[PDB]
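The structure under discussion appears below in the form of structure tokens.
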Amino acid sequence: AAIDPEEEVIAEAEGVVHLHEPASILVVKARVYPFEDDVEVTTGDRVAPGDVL
Amino acid sequence: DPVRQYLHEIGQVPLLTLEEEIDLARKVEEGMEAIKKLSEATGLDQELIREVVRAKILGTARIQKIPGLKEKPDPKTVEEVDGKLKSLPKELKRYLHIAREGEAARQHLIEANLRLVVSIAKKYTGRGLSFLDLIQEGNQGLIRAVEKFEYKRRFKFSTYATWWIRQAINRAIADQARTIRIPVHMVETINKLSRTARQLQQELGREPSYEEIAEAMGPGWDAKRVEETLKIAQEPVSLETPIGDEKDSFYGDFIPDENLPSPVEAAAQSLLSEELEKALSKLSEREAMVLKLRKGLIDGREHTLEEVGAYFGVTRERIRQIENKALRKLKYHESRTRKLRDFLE
DNA sequence: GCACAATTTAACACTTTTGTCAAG
DNA sequence: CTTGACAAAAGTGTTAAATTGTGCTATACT
Numbered sequence: 369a370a371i372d373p374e375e376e377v378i379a380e381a382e383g384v385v386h387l388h389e390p391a392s393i394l395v396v397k398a399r400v401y402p403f404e405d406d407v408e409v410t411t412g413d414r415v416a417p418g419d420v421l
Numbered sequence: 094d095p096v097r098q099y100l101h102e103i104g105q106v107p108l109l110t111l112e113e114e115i116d117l118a119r120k121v122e123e124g125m126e127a128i129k130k131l132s133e134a135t136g137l138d139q140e141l142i143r144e145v146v147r148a149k150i151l152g153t154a155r156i157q158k159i160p161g162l163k164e165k166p167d168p169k170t171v172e173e174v175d176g177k178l179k180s181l182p183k184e185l186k187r188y189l190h191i192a193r194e195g196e197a198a199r200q201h202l203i204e205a206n207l208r209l210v211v212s213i214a215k216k217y218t219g220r221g222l223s224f225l226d227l228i229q230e231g232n233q234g235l236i237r238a239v240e241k242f243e244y245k246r247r248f249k250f251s252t253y254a255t256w257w258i259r260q261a262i263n264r265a266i267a268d269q270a271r272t273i274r275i276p277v278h279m280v281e282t283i284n285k286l287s288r289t290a291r292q293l294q295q296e297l298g299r300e301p302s303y304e305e306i307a308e309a310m311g312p313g314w315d316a317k318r319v320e321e322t323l324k325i326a327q328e329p330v331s332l333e334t335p336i337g338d339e340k341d342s343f344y345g346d347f348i349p350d351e352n353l354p355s356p357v358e359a360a361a362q363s364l365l366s367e368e369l370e371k372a373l374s375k376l377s378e379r380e381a382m383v384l385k386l387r388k389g390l391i392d393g394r395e396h397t398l399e400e401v402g403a404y405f406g407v408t409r410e411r412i413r414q415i416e417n418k419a420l421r422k423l424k425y426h427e428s429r430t431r432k433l434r435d436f437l438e
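Those protein sequence lines, which keep their order, are chains D and F.
Under the entry's author numbering, the residue at position 5 of the first sequence is numbered 373, and the numbers go up by one with no gaps.
Under the entry's author numbering, the residue at position 81 of the second sequence is numbered 174, and the numbers go up by one with no gaps.
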């Protein structure tokens, strides 16, 4: 999405998107837990072993 | 030292690249519109959901436990809203997180341009607010420039921010400054006058005159108006100003007390309150009363003829004459005894 | 620094109370 | 000690003038 609707990138048919040439990368010691349908947690609160995300 | 302190604390964070800036304003406004879209969902206020976001972001029960002894109920008007917006479909749910992160970025923006605000208020020293105090009032004038910004205008946030920094600073200096309080426009008009003074004193080389300085000011300005507001210009004087060539002297103690009776004054008012009593005794019983009812010597309040007449049962005309003969009757005894001929100042 | 809503003040038209006079 | 009649003084109500309280602007400037 861009400033003006013109520079906005529109998918030409179907395919796969890939991000390249980052300005910088930042690594964080953490553990990634992907989901599918919504979320029961909220940004910023505390979690514990066994807790349902 | 708080001085170097603030500078180093703001020097703990990098500024922003043009990219970071544009992106900041973007996500910020996406959150601000997200809340607006949430108001159309659960049917709540624009600012309600807004602040309640900070209630889970800006902190735990510390945000609503001290905005004064009263702000808005934390367990009641908020907690119900923290769970009312909690049961919504995936469609509405995301617009919440966009509000949390969106409103979050705002802080980043402020923190970023803070290294600007501090460097702005730097040229304003002398107002009577030492740096940090001066800078602070300016920092809040950043918070205004932020929420009202528009990235779409393709303008560097600097230009928009700076004006709102100077606004806030110039507003605090007219609302604090001098010990006494000065309404804003008038504070400015002072500055305008001095601004002219130091100008035509510069051109003509000799200091101006109350008439010519007002002349160069505009219409309606006269020799008196300038001196008039000039009187109000100057502030009070420190009572701690040492007087004389010594180190043991002050300016405070050199001020008397008129708000309290002097012993001679107590004795004076006593002599009048007494001598008048005995001088009162020599009058007709009805007129002796009516007399102290018309001077407010009884209940401290004065009773008009209408009341006195209703007190005895006579008319408002009779009482009137009663006073005439009363005072004039004590006249004779006073022109003799001369005890009360005094108290003439 | 300025356009202006906000609120205060002096402005003033006018009603009512209160001091007052010649006569009972 | 008493009326009635009046003018001055003190009220009471609505206005015009002024005085004071506020939000804000956009090149960029960290």
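Don't be surprised by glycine CBs; every beta carbon is placed ideally from N, CA and C.
- In the DSSP assignment, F405/F falls within the alpha helix (DSSP H) that extends over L398 to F405.
- Comparing C-alpha distances from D167/F to each of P182/F, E184/F and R147/F shows the shortest one belongs to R147/F.
- Separation of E438/F and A361/F (C-alpha to C-alpha, rounded to the nearest whole angstrom) is 12 Å.
- Close to chain D, meaning a Cβ-Cβ distance shorter than 9 Å, are the following residues of the segment 147-169 of chain F: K149 and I150.
- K371/F counts as exposed, since fewer than 16 other beta carbons sit within 10 angstroms of its beta carbon.
- Per DSSP, reduced to three states, the secondary structure at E173/F is helical.
- Nearest CB-CB separation between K186/F and chain D: below the 7 Å threshold.
- DSSP assignment within the segment 216-270 of chain F yields no whole beta strand (DSSP E) run of 3 residues or more.
- Considered as a whole, the segment 97-166 of chain F harbours no complete run of any beta strand (DSSP E) with no fewer than 3 residues.
- Of all residues in the segment 402-415 of chain D, only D405, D406, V407, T410, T411, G412 and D413 place a beta-carbon less than 9 Å from a beta-carbon of chain F.
- For the pair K375/F and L423/F, the Cα-to-Cα distance works out to about 8 Å.
- For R199/F, no Cβ of chain D is located within less than 7 Å of the residue's own Cβ.
- Chain-ordered, the chain D residues with CB closer than 8 Å to the CB of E194/F read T411.
- At a cut-off of 7 Å between beta-carbon atoms, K285/F makes no contact with chain D.
- Boundaries of the alpha helix (DSSP H) around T430/F: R409 to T430.
- Burial is judged here by how many other beta carbons sit within 10 angstroms of a residue's own beta carbon; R387/F has at least 16 and is buried.
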